[PDB]
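# Structural characterization, general
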Amino acid sequence: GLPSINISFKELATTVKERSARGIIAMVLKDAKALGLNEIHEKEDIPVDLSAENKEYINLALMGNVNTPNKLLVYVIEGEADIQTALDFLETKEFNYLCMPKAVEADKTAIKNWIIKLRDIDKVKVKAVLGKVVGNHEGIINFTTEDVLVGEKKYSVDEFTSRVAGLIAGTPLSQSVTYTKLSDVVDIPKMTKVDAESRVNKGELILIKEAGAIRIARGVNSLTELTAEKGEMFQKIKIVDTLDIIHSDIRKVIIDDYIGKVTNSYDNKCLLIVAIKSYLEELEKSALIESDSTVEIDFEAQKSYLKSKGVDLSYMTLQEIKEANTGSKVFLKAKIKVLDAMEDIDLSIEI
Amino acid sequence: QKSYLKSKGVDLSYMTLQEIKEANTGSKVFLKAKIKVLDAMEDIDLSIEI
Amino acid sequence: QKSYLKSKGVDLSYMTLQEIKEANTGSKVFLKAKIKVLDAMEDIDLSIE
Amino acid sequence: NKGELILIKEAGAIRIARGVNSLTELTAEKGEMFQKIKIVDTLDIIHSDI
Amino acid sequence: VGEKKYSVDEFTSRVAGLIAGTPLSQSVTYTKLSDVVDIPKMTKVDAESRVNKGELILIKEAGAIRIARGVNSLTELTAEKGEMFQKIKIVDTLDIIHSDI
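Analysis parameters
- Residues numbered from 1 in each chain as written, not as in the entry; some residues may be left out.
- Chains lettered and ligands numbered in written order.
- Part of a larger assembly, values for the part shown.
- Heavy atoms only, no water.
- Helix = DSSP H or I, 4+ residues; strand = E, 2+ residues; numbered from the N terminus.
- Buried < 20%, exposed > 50% of the residue type's maximum accessible area, 1.4 Å probe, protein only.
- Contact = heavy atoms within 4.5 Å.
- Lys, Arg positive; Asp, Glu negative; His and termini not counted.
- Charge placed at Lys NZ, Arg CZ, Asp CG, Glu CD.
- Pairing = 2+ DSSP bridges.
- Axes fitted to C-alpha atoms, helices over the stretch in contact; angles between N-to-C directions.
- Expected span 1.5 Å × (residues − 1).
- Salt bridge = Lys/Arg side-chain N within 4 Å of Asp/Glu carboxyl O.
- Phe/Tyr/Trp six-rings, centres within 6.5 Å; stacked < 30°, edge-to-face > 60°.
- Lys NZ or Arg CZ within 6 Å of the ring centre and 35° of its normal.
- Parallel < 35°, antiparallel > 145°, perpendicular 65-115°, else oblique.
- Nonpolar A, V, L, I, M, F, W, Y, C, P; charged D, E, K, R; others polar.
- 1 Å grid on protein atoms, 1.4 Å probe; cavity = no way out; pocket = protein on both sides within 12 Å on 5 of 7 lines; lining within 4 Å.
- Points joined across faces, edges and corners; volume = space filled by probe spheres on them.
- Core = buried A, V, L, I, M, F, W, Y, C linked by side-chain atoms within 4.5 Å.
- Patch = residues over 30% accessible without salt bridge, like charges linked within 9 Å, V, L, I, M, F, W, Y side chains within 5 Å.
- Areas by Shrake-Rupley, 256 points an atom, 1.4 Å probe, with all protein chains shown as cover.
- Buried area = accessible area lost by both parts, 1.4 Å probe.
- Polar contact = N/O pair within 3.5 Å; in protein donor to acceptor, adjacent residues only side chain to side chain.

Looking at the entry header, you'll see cryo-EM listed as the method and 5.6 Å as the resolution.

Shown next, in the form of structure tokens:
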């Protein structure tokens, strides 16, 4: 081998571990022209296949309260079998928000059932917005406001649900959608504030005329019934959003790193603990959640595993129990602190 | 070792445990195989809390 | 240097990282450098108050 | 914006518009600073000198 | 060399004299040959192959005819021989030390 000196000449571009994509929009609507998804990523691009109502839907989704939504995906197919192809394409590619302008209540129910099925089995934390659904889940979003007049124009309920979904996709996690003004909307039907609070208690999201402006009453989820241990924070789409983001990021990093390639070890247990601690530190630095507390081994789960193995729990150190081999299984325990948004302010003046 | 002492016919009694262990083994060799086998991480359980 | 050691098979443990630099490189040199070429503007755009 | 070099009539004279490279497609490692011939020139000079 | 055909042994003698004039500090690799005017054209892949063979050949480098390698004629090196033994420069100081001792 002759000695050939060589010098490297390449760029050093800062590398940041990119997390799960958020803010992407899954838009689907039936059309008879150029069947197939449109993947409209460039801003304000309307293919000639899409109709005038489709154009309006794209425009509504494109604008956001704070920022334009990061990615927009629009699907086109004939009106037949909309639910089947929508399910297939959503399983094909992940998303954050979804709305069907022409879904019948049966189609909406099927959408809700599929979404909750994924969120409960596939652990795919995704959200959808629907016009009139009394579903008892939080992933779905219900917006029961009709006769909406936006820009001196009557809009269908699904049109404004799409507009609000695009706005929320444009809403950063720092802000909350409560009390958000709507300049484009010109008028809403008159209704009593008592009924507005009643609908808020129902969890339905409605517009409100506040401070001489049409605004969003609440960011409450469509989840009408909350169990005792559910808590009030679970009623907020903002609070559950960061939980879903954290779940997706943890699942992604686990699939990337901790499956197959690596091996069980109490040392490897500690390394995984350190990695999760660093991730929680990143979340705290994001300031979206306070996250004071830390992670640890699930001691009770390890005890259950040892009992299932038939090993007598007596006559070894508790530290030995913690560091005892878990086989392929892994058990851990953590706890987090979630930060919230400002919605109620009370002060007392003293004379 | 006891099996091979039985094969050689040497008594269990009156001979020390070490003496029985250190007795002649002839051409035969006897070993006890016990180890710890390590497993790869395939599934992880954790419970974050509010 | 670490890659050259692994090619040689000498273990990286139980010596100081400085010894790696002091170690023979087999008639080879391994270096690193930082650069930044000045990039400047053709036409401008500023702000006023 | 096509990566071409052209002449225009500007500032009461005929001058070029940009000093970018003929390379239309600059990769991630090349980028904007590699779009310019002025920078690749000095990189080549330093490489040759070293 | 100098606009003149030379026998292989003539240039081996020239190179031997050059090496005798080469101090131990320097290495004969990549040494320019001003007197040589032209060498037959040949592929760099073949040059590296001959380097692997250990054969020493001229090379046209940086617009100049230069020595490709100072590798020894020893084609086959055992496992414990090592790469340094392939170099005439490295074995030269060992031979000098042996002779002095």
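## A look at the overall build of chain A
Of the regular secondary structure elements, chain A holds nine helices and twelve strands. On the principal axes, the C-alpha backbone points of chain A span a range of 80 × 75 × 50 Å. Relative to its full complement of 351 residues, chain A shows a buried share of 43%. Partitioning the contacts of chain A with sequence separation of at least 6, the portion at a separation of at least 24 is 68%. Each charge sign in chain A was given a centre, from 47 positive and 57 negative side chains, and these centres are 2 Å apart.

## Some words on the sheet that holds strand β1 (residues 25-30) of chain A
Residues and elements named next belong to chain A. A sheet is described by the order of its strands in space; here three strands give the open sequence β2-β1-β3, paired in parallel fashion. Both outer strands of the open sheet, β2 (72-77) and β3 (97-99), are each paired with one neighbouring strand and no more. Taking the axes of each pair of neighbouring strands and ignoring which way they run, one obtains an average angle of 15 degrees across the sheet. Examined bridge by bridge, β1 and β2 share six bridges and lie parallel to one another. Its bridge partner lying in β2, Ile 25 is registered against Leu 72.

## Quick word on the arrangement of the chains
Where four pairs of chains are in contact, the pair with the most contacts is made of chains A and B. Across all C-alpha pairs, the smallest distance from chain A to chain C is 8 Å, and the two are not in contact. No interface is formed between chain C and chain E, the nearest pair of C-alpha atoms being 8 Å apart.

## Some details on helix α4 (residues 157-169) of chain A
Residues and elements named next belong to chain A. With 13 residues, α4 should reach 18 Å at 1.5 Å per residue; the first-to-last C-alpha distance of 18 Å fits that figure. Counting buried positions along α4 yields twelve of 13 residues, so the element is predominantly enclosed. Buried residues of α4: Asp 158, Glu 159, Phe 160, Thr 161, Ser 162, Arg 163, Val 164, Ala 165, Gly 166, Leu 167, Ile 168 and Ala 169, and no others.

## Examining the pattern of salt bridges
Think of it this way: side chains of opposite charge can pair up when their charged atoms draw near. Residues and elements named next belong to chain A. According to the stated counting rule, one finds 26 salt bridges over all chains in the structure shown. For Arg 163, the salt bridge is made with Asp 184, and the minimal N-O distance between the two is 3.4 Å. Taken as a pair, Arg 163 in helix α4 and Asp 184 in the loop between α4 and β8 (185-187) lie far apart in primary sequence, 21 residues in all. On the basis of relative accessibility, which here comes to 7%, the residue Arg 163 falls in the buried class. Residue class for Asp 184 comes out partly exposed when judged on its relative accessible area of 24%. Each of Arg 119, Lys 127, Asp 241 and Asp 244 takes part in a single network of salt bridges with overlapping partners.

## Things to note about the packing of aromatic side chains
Following the criterion strictly, the structure yields five aromatic pairs over all chains and no others. A centroid spacing of 5.5 Å and a plane angle of 50 degrees characterise the contact between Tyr 305 of chain A and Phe 331 of chain A, whose relative ring orientation is tilted. Residue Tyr 305 of chain A is located in helix α8 (residues 299-308), and its partner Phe 331 of chain A is located in strand β12 (residues 331-334); the two are separated by 26 residues in the primary sequence. Both residues of the pair, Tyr 305 of chain A and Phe 331 of chain A, count as buried. Taking NZ or CZ as reference, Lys 153 of chain A lies 5.2 Å from the ring centre of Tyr 155 of chain A, over its face. The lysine or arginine in question, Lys 30 of chain D, covers the ring of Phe 34 of chain D, its NZ or CZ lying 3.8 Å from the ring centre.

## Here's the deal with the side chain of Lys 269 of chain A
As for its position among the elements, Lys 269 of chain A is in helix α7 (residues 266-286). Discounting chain neighbours no more than four positions away, the residues touching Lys 269 of chain A are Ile 297, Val 330, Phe 331 and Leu 332 of chain A.

## Description of the packing of helix α1 (residues 52-62) of chain A against α4 of chain A
Residues and elements named next belong to chain A. At their nearest, the axes of α1 and α4 sit 7 Å apart, and the two run at 30 degrees to each other. In terms of their interaxial angle, α1 and α4 are classed as roughly parallel. Contacts from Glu 53, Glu 56, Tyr 57, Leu 60 and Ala 61 of α1 reach α4 at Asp 158, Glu 159, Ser 162, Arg 163 and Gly 166. Among the residues making up the contact of α1 with α4, the classes are represented as three nonpolar, two polar and five charged.

## Considerations on the environment of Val 295 of chain A
Structurally, the position occupied by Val 295 of chain A is in strand β11 (residues 295-296). For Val 295 of chain A and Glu 42 of chain A, which are 253 residues apart along the polypeptide, the C-alpha to C-alpha distance reads 42 Å.

## Focus on empty space enclosed by the protein
Empty space left among the atoms is revealed by rolling a probe the size of a water molecule over them. Residues and elements named next belong to chain A. Using the criterion set out here, one finds five cavities of 30 Å³ or more in the structure. Its boundaries defined by the atoms lining it, the largest cavity holds a volume of some 160 Å³. Lining the largest cavity are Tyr 97, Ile 168, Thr 171, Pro 172, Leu 173, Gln 175, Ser 176, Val 177, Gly 219, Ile 237, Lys 238 and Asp 241. Across the lining of the largest cavity, the residue classes tally to six nonpolar, four polar and two charged.

## Here's the deal with the nonpolar core
All names here are of chain A. In this structure, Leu 72, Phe 95, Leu 98, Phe 160, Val 185 and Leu 207 are the most contacted members of the largest nonpolar core, which totals 53 residues. Look past the residues within four positions of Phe 95 in its chain and what remains in contact with it is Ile 24, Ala 26, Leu 90, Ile 115, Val 126 and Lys 127. Residues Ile 246, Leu 280, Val 295 and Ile 297 belong to the second largest nonpolar core, which totals 20 residues.

## Thoughts on a negative patch on the surface
A contiguous patch of negative charge on the surface is contributed by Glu 281, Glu 284, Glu 290 and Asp 292 of chain A. Positionally, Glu 281 of chain A belongs in helix α7.

## Regarding the interface of chain A and chain B
Interfaces are frequently sized by the accessible area removed from exposure as the parts join. Residue-level contacts link 22 residues of chain A with 15 residues of chain B. If you sort the residues of chain A by the area they bury against chain B, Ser 328, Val 330 and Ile 336 of chain A come out on top, with a joint share of 23%. At the boundary of chain A with chain B, the tally comes to two salt bridges. Taken together, the connections running from chain A to chain B amount to twelve residue pairs in polar contact. Every element with two or more residues in the side of chain A that touches chain B is listed here: α7 and β12 of chain A. In terms of residue count, the dominant contributor to the side of chain A that touches chain B is β12 of chain A (four residues).

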